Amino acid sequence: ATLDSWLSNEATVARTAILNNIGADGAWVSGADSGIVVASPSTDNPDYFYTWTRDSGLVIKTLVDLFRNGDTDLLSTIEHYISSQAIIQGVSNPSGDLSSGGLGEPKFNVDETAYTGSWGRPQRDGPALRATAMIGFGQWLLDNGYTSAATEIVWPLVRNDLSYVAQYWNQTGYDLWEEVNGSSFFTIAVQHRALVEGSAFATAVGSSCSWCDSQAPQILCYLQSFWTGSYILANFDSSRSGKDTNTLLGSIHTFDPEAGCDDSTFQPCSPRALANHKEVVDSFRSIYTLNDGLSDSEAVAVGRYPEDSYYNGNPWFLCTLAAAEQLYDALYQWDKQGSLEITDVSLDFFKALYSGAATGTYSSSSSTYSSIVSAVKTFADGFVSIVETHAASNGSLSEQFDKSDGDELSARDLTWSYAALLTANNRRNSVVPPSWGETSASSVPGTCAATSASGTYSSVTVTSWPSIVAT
């Protein structure tokens, strides 16, 4: 269709735009140091000309997956990023120093100096996301015989971030949207993931991560509290409803292609994640004029949370794409398992798309399976069409699009918007990320304990990168 062709061309635009936003050769961000991912080239109204640990980590993880799939030209970009982080980790900032909380700092100036003004800090999801991005490259390094780079450069940087996660996971902080000071689903979910793959990586380089091991099961134990019985609570200590795309992001970014539809880890096809998906998406159906007239079986423009007032509260490209990505992941999981199950928890999600839905197990060769996956694929593609409809003619994706007229607003050419497009497109094409070991990390302890474990901190100096040839 035109969606297919638009996506193929947009994926090329997205890759280029991301590179334009990374220093020190990025065309849109002169001033940014080497390997510094800038959130947006917008220097004013709003000023997003800074580097966020979260956006950077999410973007780099996307680039690492493309690289491992054959986009070898991204190698230098990844190396520069890792080199820049060795410096950033040691930058004394309002959150602290390397070993005293500095790693939880949300953003920095593009020249690698600390941002000293007031900001919602700390944001504990950053160290987890940065660790996950680096671990993926470290795995490639190990697999391709560059053991030294993995052991001496990557591992020590990762060890710092994992120590921060294990030490402070059970403390409040700001959510990914930088507004709620409390405890957040997305954050807890990505932290659990980071400790699990961090322990596997530590073992691989001949070291260990005892703190990853003791804390991961406890974080997972706590993660269960976010399920309300009908949807996933985005944050504790909040007065909002709790329906928030924060939860869809938590699911797609902790998706493991080897995982079943596990409720404990909220995988994309888990009854809990599907039930949550309908609750979150439905919360935007009546608040945006842009959604007027659409029925419940049709995709709609999705924002962050229904109570949002940032720029008056509008749909976001990355949030609308996350709604589609969770479904592409679920389709992949159902296909790989050879069946789909409908339970009392997920019945409403399915019934909205296929009125004949009934609880039961449906094999991939059954008529019901076929009807359901077709309906789900159409629904998912629907979200992507809404994005296509509001992107600029040359493919530019801003942070938000107007709730009434769909015009682009807020930060222009948002790097995260482009990475979200690349991942949704990949999943749509059944291109999945490497597994993180969910299959041996979904067991919940019988009793949850408020605890922590302190790891270790040590400053890393990147003397030089070996002549790595990636073919």
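A residue's number is simply how far along the shown sequence it sits, counting from 1.
Enquirer: On mean C-alpha B-factor from the PDB entry, just flag whether 340 to 348 or 160 to 168 is the higher one.
Expert: Going by the record's values, the stretch with the higher mean is 340 to 348.
Enquirer: Which is higher on average in the deposited entry, the C-alpha temperature factors of 393 to 401 or of 184 to 192?
Expert: If you average the C-alpha B-factors of 393 to 401 and of 184 to 192, the larger mean comes out for 393 to 401.
Enquirer: Between 423, 34, 43, 53, let me know which has the highest C-alpha B-factor in the entry?
Expert: Highest C-alpha B-factor among the listed residues goes to 43.
Enquirer: Highest recorded C-alpha temperature factor, please, choosing from 383, 174, 231, 146.
Expert: Highest CA B-factor of the listed options: 146.
Enquirer: Per the entry's values, where does residue 459 land by CA temperature factor relative to the rest of its chain, in the lowest, middle or highest third?
Expert: Residue 459: CA B-factor falls in the lowest third of its chain.
Enquirer: Divide the modelled residues of the chain into thirds by Cα B-factor and specify which third, lowest, middle or highest, holds residue 285.
Expert: Its C-alpha B-factor, which the entry lists for residue 285, ranks in the highest third among residues of this chain.
Enquirer: Which third, lowest, middle or highest, does the CA B-factor of residue 63 fall in along this chain?
Expert: For residue 63, whose C-alpha B-factor we compare with every modelled residue in the chain, the answer is the lowest third.
Enquirer: Sorting the chain's modelled residues by C-alpha B-factor, tell me whether residue 371 ends up in the lowest, middle or highest third.
Expert: Top third by C-alpha B-factor.
Enquirer: Taking the entry's C-alpha B-factors for this chain, is residue 57 in the lowest, middle or highest third?
Expert: It belongs to the lowest third of the chain when residues are ordered by C-alpha B-factor.
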